[PDB]
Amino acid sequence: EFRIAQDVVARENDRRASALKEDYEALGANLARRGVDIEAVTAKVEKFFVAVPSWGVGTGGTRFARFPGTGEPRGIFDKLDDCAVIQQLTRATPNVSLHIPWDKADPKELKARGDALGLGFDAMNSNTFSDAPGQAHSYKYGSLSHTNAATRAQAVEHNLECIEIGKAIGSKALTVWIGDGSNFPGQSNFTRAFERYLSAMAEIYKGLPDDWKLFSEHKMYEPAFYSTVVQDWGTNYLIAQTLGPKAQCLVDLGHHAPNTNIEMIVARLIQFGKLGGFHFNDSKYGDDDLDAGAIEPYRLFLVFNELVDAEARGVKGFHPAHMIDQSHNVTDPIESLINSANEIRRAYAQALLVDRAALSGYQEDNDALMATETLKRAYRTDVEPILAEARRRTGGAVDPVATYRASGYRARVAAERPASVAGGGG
């Protein structure tokens, strides 16, 4: 099944083929003079994948308003159809991350559709930061760390159910992010709340298959505006170390305090074997959830520099579960995810260009200037040709968004899906 007509992809690829060959060959020659085999780089890029969030193909909003576009997906099945477009064009997003109960449906169907669309399933995502219809206990004052035992049990039960759904569709991990925290000093006893969280998470841990992982995700604030139980990587580390070997930490780019050195957190988690994976996006003020690399592309590169450094050396078990976690409020969700997945592969490719041996030498000699310049020589390289050729060689589009717009896909689904209404948030 091809969401995007093959004729359109071929047409748009041929229209740009000539320019691509010129740019690829020019870059190839430049890299050659730099002792780098462009083909080796392209080969790895072609194999780099990042999961797409099911809740990301729909238009997002803020607490102030939501301005939906046309052809908004009705549910998981429409979302999968849309995710298929992203994968077909970029070839960098073969897997989709589901969120329950948003995407709750017959596991068999989900699996059937994914298979037909050529999509797999990444980490499951539980939802105890909002109340569902007919829910017995409200999560207003928390969930896994709520002071009421019944509420915690209900939360634990929900997460276990997410694991059951995941096993039936091919998932191998559960990502746990909660809003648990407080808005006022004194409202929560920091320690007791955390103790309650660890005990509940230990219950969820018991329901994990032997080849499954449990990812806890920290966030400094929002929805909690005074304190958050899992507020930073420090608390996250304590959680993972306490729960067990299958418990690891997820680092979401926009979940840190202003000016935080995020790439260091990545290196620390790697050093202690607790880097479960990433949640890519970009930001300038808070948890903005913007398109990856749209605000600080260098920071994205620096994070990948830590990832590649580890990938280059003795790769223990190092297999971080990478996923995109963004909100598209003023763009066509599909186009944003396409360029975001592209930016991630861009950062990765540039990180692969780093002369590791030279960098090591400058680090040992404390030649700070040359060390940073060694990183910049890689970062400054325009690897777009590598990314475009990788897509072309794997059945993708040279220029994904251009092909997407040429296909008229959005107008198509807009004519098949019911209209949406603009609204608020809170």
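Position 1 is the first residue in the sequence shown; the rest follow in order.
Mean CA B-factor, 318 to 326 versus 196 to 204: the higher value falls on 318 to 326.
The stretch with the higher mean CA B factor, choosing between 134 to 142 and 175 to 183, is 134 to 142. Highest CA B-factor among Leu214, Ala105, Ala347, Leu238, as stated in the entry: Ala105.
Across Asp288, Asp122, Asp232, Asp291, the entry's maximum B-factor at the CA atom is seen for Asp122.
In the PDB entry, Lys111 places in the highest third of its chain by CA B-factor. The deposited CA B-factor of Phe49 belongs to the middle third of values across its chain.
In the PDB entry, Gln88 places in the middle third of its chain by CA B-factor. For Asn342, the recorded CA temperature factor ranks within the middle third of the chain's modelled residues. For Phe67, the recorded CA temperature factor ranks within the middle third of the chain's modelled residues.
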